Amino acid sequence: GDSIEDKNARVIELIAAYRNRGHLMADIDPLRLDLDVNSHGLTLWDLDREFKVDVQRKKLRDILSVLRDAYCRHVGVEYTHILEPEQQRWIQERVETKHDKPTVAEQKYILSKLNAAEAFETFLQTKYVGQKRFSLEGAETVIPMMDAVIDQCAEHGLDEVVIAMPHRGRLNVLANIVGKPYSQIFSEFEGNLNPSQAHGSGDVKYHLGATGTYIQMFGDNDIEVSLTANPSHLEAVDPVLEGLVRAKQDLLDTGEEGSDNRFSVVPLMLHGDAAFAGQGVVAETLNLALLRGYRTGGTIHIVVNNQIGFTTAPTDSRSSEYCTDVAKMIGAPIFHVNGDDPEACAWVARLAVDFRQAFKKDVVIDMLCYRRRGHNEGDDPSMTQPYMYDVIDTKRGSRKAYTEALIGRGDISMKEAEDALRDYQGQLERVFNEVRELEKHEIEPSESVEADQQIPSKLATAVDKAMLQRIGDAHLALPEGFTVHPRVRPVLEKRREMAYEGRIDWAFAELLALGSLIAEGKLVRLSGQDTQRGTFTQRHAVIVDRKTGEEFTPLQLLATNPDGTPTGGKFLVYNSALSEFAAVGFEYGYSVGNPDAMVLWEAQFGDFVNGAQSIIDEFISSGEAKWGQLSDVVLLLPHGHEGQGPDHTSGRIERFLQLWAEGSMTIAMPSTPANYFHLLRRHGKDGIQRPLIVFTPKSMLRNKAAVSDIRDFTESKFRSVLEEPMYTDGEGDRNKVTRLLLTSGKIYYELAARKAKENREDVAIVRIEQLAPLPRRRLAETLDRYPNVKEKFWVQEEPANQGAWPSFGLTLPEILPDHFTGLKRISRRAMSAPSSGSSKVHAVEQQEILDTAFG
C-alpha cells in the first residue's frame, strides 16, 4: 500500500498526544529547575509532506508548529478531562491559532502595571526593612493578569468582581488593583492610625479588604471591584467568597434563582500553591460549584504558584502532578502559564473570563513563578533552598526583562523607561513624606465593639391572628392534582388546626416566624443537611408529590399578597451538601453579601458544627471586632441529652459561651415554640447585623407540654427569662419559694413535672432563654419577686465542664453578687465526651439530676 496512509495515522496520534499531554513538556517554569514507540514510518524527511487532518490538508512542519505553539511553549493547557465536546472544541479553536500581537499601547500599559508592582515592593523594602509585607516580587505578572481578568469582565458588561486572596502580594493588589490609597497603606506601616482605622481590636494589614471602581482604558465600560477581608487560615475565605457572590447575584436577580442567567457578579479567587493542595476546604468549596443552592456561574481561580510553601518543597506538599489537580473533578479547564511572560499571562486571563462567560463554570489559571525574597522579608530561604536561591539570584525580574523586550521592539527608549520608573517612585516618596508629617495619635488599649449596634427603641415581633391563619391555610393550598404522601398529609392538617386553635408546636412556630417575615417582604434563605424535610421528619418545608415527585413549598405562597401583588419576599430552602466547613462559611458570606436577608444554617446535630470551627472562630465570632465586617447568620444546632450517644447530644454551648465577648453574638436556648418564634422575628427585624446561635430541640419537638397558645404569638414578645406559668398567670404563690432552680432548655419540663408530682410549692424554676448577652436586668428583677429564697442552684443536664455552668458559675456571682453569691451546680459529672454511649446509662444519670434538684 501507500506508506502515506501509515504516516497519516502517526500524525493523527501526534495531534492527540500534544492535546492530551503537551502540557507535561510545556516551558511553564521560569526557573527551569527540572524504542517501542511505533512511528508508522514517519520521520524528519516527511516535514514538507501534506497530510489529512480532521477536512483539511496541511504540511507536517506546519501541524507541528501549531501544536508546539499551542501546547508546549509558555502555556500548558489541560482540558481533555472535560466531558462536553463543545467545551473542548471551544478551547481548541482559541488555542490552536496564531494570536493577535498586542498593540504598542497595550504593551506600554502592561509595562506600567509591572513597574507599579515591583516599585511598590522595592519602596517598602527601602522604608520598612523590618516589617513583614509578603512581597509579590518574583510574581509581579499577577498584577497585569488580574487587571486583564477585571478588564475582560467589564468588557462582558458584568456588574462586579469580588476577590478573595491570601497574603502573597495582598498589599500590592490592594494598592494597584483595588485602589486602596497608598497613604492608608503607609499609615498602617507607620502605626499612626486615625480613630476610624483604630476602631475595634483590628487585624494585620495583609488581611484587609477594600472596594473601588475599575475604569477600562481600552473601552467605554467600568466595573465594581471588591476584595473581602480574611483571617490567616489559608483557603478558609473560599466558601465565604462564594456565599458573598451568591447573595449579590440573588439581589440582582442574576444567577441560579434569577430571571436571567447572567451570573453577573464574578468570584475571583486567588490561592498559594502549598495551601491549594493541602487544605480540605478547597475540595469542599469546589464541590459546591454546580449545586442549585450554591452555584455562582463559575469562579475564576488564580494560583500564585511560586513552587514553595515557606521552607517546604512541592514534593512534601502534594501528591498530585500539579497543585491544581483537585479542580479537574468539577470539569474546570486548567491553564498553566509561565509567570515571566506578561503577554501570555494577560492572554490566558482574558481566555479564562471568556470561557467562564460562555459556559458559566470554573476555570483555573496556574501562574508558575518564584518568590524573590524569603517567605517573609525577615526570613533567610537559602538555609533550606540553597539551589533554588542560587538560580533566583541569576534571574532578571519580569519587569526588567519586559522593559528590555519593549526597548528591543522599538516601542520605548532606555531614558523613557528610566524616567517612567523615577516618576512612579517620586509619587510614592511624596505620599510617604505627607503621611510622615501627620500628627501622631496616642496609642490606647483596644475597645469593645458592643455599643456599636443597638436594638431599635420600638420593635414588636407579635403578629395578628390573620397572619397565623394565612400560614396554616398555606399548608393545604395544594396545587391542582397534587398527591400528598399519606404520612405527610396529617402534618399539613395539624398545621391548619394549630393556626386556628393553638397548641402550636416547635416546628410550626419556626415556619410561622419565617412565613410572617416573607409576608413582610423579607428574603429567607434556610439550608442544611436534610433541612427541607427536617432531620426529625418535623419541618416539611418542601413536600414531594407521591406520584410524580413534583415539589410544593407552602411558605412560598406567602411571597404573594392576597390581592396577587408580590411582597418582595422569597423562601429559598435547600438540602446542603454533606459539608460543615464550606456550608457554614457559605452562609456566613451570604449574610455579609445581603444584610437584609434572613439566613439560617442548620446542623444535622449540633455535635457536627465543630467541623466548621475555623469559620466560627475566625469569621462568625470575631469578624466585627477584627475587620468591621458584619454578619447576621443564624446557626441552628440540635442539642439535648436523650440517650443517643456522645455525637448526638451536644452543640457545645460551653464553647460558644467562651468565644462570646463584646456582644458579638446572641446565644439562645429557647424552651417554648412561641419564644423561638419571637427570637427569630427579633433577629430578622432588629437591623442589628450580629450572628445568632440557637440550641434547638429534638425530642422536645414532640413533647405535648412544649406547645404554645395563640396569645403567645399575638400578644407577647421575646422573653430572655421565663418564670413558671403558675406565677405569671396561675394561682402560684412566689412567697412560698425557698429553693430556686435556674436552668435552660428541655430539662425545665422534667423539673416542672417532678414539682407537680410532689406538690413542691417551696421550689421555683426560672429559665434563662437568652444565654448571651446575659439578661442581667430581667434576671435581677425576676429573682426579686421571690423574697424567701434561701438557696439557688444552676441545674443542667450537661457534664460539669460543659453546658452553661463553666461560664455562669463564674459570671453570675461576679455580675449579680447580691443574688448569686453561694450559687451551686447540679449537673452530670465532668466528662471527656459530651455523654455516655448507653441510653440506659443516660436515663440513670438523668434521674440523679432530678432527684438531687428536689433532694
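We number the residues from 1 along the sequence you see. Rigid core (definition): largest C-alpha set, two forms, superposition within 1.5 Å.
Once the structures in 6 other deposited structures of this protein are superposed via the core, the pair 242-250 and 425-433 is resolved in favour of 425-433 as the more displaced stretch (C-alpha RMS). Annotation: of the segments 123-131 and 320-328, 123-131 departs further from this form in 6 other deposited structures of this protein (C-alpha atoms, root mean square over structures and residues, core superposition). Where the other entries of this protein model the residues before and after it, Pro456 is dropped from at least a third of them.
Omission of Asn194 is seen in a third or more of the other entries compared for this protein where the adjacent residues are built. Deposited sequence between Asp818 and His819: no residues lack coordinates (chain continuous). Unmodelled residues of the deposited sequence between neighbouring positions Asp34 and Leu35 number 4 to 9. The mean C-alpha temperature factor is higher for 548-556 when 548-556 and 332-340 are set side by side. Mean CA B-factor, 58-66 versus 22-30: the higher value falls on 58-66. Reading the B-factor column for the CA atoms of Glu137, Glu642, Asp253, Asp151 in the entry, the top value corresponds to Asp253.
By the numbers in the PDB entry, the CA B factor is greatest at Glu781 among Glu781, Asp530, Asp362, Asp273. Compared with the other modelled residues of the chain, the Cα B-factor recorded for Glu50 ranks in the highest third. For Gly822, the recorded CA B-factor ranks within the highest third of the chain. Only modelled residues enter the ranking. Residue-level temperature factors show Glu797 in the middle third of its chain, judged at the C-alpha atom. Sort the chain's modelled residues by C-alpha temperature factor and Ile747 lands in the middle third, per the entry. In the PDB entry, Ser631 places in the lowest third of its chain by CA B-factor.
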